[PDB]
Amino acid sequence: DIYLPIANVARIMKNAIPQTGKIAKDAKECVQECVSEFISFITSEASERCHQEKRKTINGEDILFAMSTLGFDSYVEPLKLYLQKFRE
């Protein structure tokens, strides 16, 4: 069981609800589990794409293909922008 740090997860959650809203510890842990499941789900499809393209290292295009294929196409443009800004 490998998860993103609970405090980082909780901070992102808190930003999405009213200032006085509260989050049960068990709900934070649940979202931790869900995020790892999300990473694994996308990565599995990206791995298949990588192999199909005669490669061995899963790249950004593989991840984006996976997101589009698996019902997360709306993530593609924001992700491309974020990566561009990150490397610029």
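Don't overthink the numbering: it's just position in the shown sequence, from 1.
Ranked by Cα temperature factor within the chain, residue 79 sits in the lowest third according to the deposited record. Ranked within its chain, residue 36 lands in the lowest third, by CA B factor from the PDB record. Looking at the C-alpha B-factors along this chain, the one for residue 55 belongs to the middle third. In this PDB entry, residue 16 carries a Cα temperature factor that places it within the lowest third of its chain's modelled residues. Among the modelled residues of its chain, residue 9 has a C-alpha B-factor that falls in the lowest third, as given in the PDB entry.
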